[PDB]
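Here the Cβ positions follow ideal geometry from the backbone for every residue, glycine too, while neighbour counts run over all protein chains shown. All of the numbers you see were taken from the coordinates with simple rules; none came from a lab.
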Amino acid sequence: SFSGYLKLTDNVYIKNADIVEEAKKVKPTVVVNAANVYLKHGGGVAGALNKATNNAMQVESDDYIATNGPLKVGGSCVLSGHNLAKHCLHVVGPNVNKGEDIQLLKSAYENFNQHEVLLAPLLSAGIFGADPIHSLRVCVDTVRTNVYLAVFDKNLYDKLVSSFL
Ligand SMILES: O=c1[nH]cnc2ccccc12
């Protein structure tokens, strides 16, 4: 199971880790991807997870989009986890660098409540432009299921833990 996580609340745990390496090690039932509405896994967590699947995540995603159209900002879809997890829950947090409503971050985290346990990144953090401290607060106040957060950046991880209310 998950190891080396710091317990933040009854159900939220956090670790300074590369989510790709964490997924390859644990092989969780669900790994969360920081997706965009088109499931175009170019950079950030999405690009890293997709590269770990040898682009199989992108091929599967393009077929999903061709059939279903784009996701909504705040929405999600369950696809294969390939070599990383049983499933990948592609969740679209608002990208404030693309001018999207930051209030949609709570709706994005609500998708996590459909899964008993997840390995996840902080939604809308990193290249999505939101304040990661705000993302962690929305996560703890929205997610009721067991969420194991992987924060890649050590300096950000330390700031998140030291500022956690
Ligand atoms: O951008 C990232 N690349 C690789 N691993 C991560 C783990 C957690 C959060 C962000 C990342």
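General observations
- Every residue from the stretch 48-63 that is in contact with a helix residue (DSSP H, G or I) (Cβ under 9 Å, 6 or more places away or on another chain) and closer than 19 Å to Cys77 by Cα: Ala48, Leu49, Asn50, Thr53, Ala56, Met57, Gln58, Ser61
- Among the residues of the stretch 58-79, none qualifies, meaning not one is within 13 Å of the ligand (Cβ to nearest atom) and either in contact with a strand residue (DSSP E or B) (Cβ under 8 Å, 6 or more places away or on another chain) or among the acidic types (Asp, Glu) (or both).
- Lone qualifier among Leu123, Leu119, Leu149 - being within 12 Å of the ligand (Cβ to nearest atom), buried (at least 22 other Cβ atoms within 10 Å of the Cβ) and either free of Cβ contacts under 8 Å to residues at least 24 places away in the same chain or part of a loop (DSSP other than H, G, I, E, B) (or both): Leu123
- For the stretch 96-125, the set of residues classified as of a type in the set (S, T, N, Q) and more than 20 Å from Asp141 (Cα to Cα) consists of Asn97 only.
- Test result for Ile102, under 13 Å from the mean Cα position of the chain (by Cα), under 23 Å from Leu160 (Cβ atoms) and surrounded by fewer than 22 Cβ atoms within 10 Å (Cβ to Cβ): no
Condition check ((1) buried (at least 22 other Cβ atoms within 10 Å of the Cβ); (2) within 12 Å of the ligand (Cβ to nearest atom); (3) more than 23 Å from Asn146 (Cβ to Cβ)) across all residues:
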residue	(1), (2), (3)
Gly43	no, yes, yes
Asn55	no, no, yes
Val91	yes, no, no
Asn95	no, no, yes
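- Close contacts from the stretch 24-38, counting a first residue that is farther than 22 Å from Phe128 by Cβ and a second that is within 14 Å of the ligand (Cβ to nearest atom) and β-branched (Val, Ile, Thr), with Cβ to Cβ under 7 Å and a gap of 6+ residues or different chains, come to none at all.
- Residue match in the stretch 132-143 (condition: part of a helix (DSSP H, G or I), of a type in the set (S, T, N, Q), in contact with an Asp or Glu (Cβ under 8 Å, 6 or more places away or on another chain) and touching a residue at least 24 places away in the same chain (Cβ under 8 Å)): yes
- Of all residues in the stretch 8-23, those satisfying the criterion of being within 18 Å of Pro132 (Cβ to Cβ), within 13 Å of the ligand (Cβ to nearest atom) and of a type outside the set (A, V, I, L, M) are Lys15, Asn16, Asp18, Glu22.
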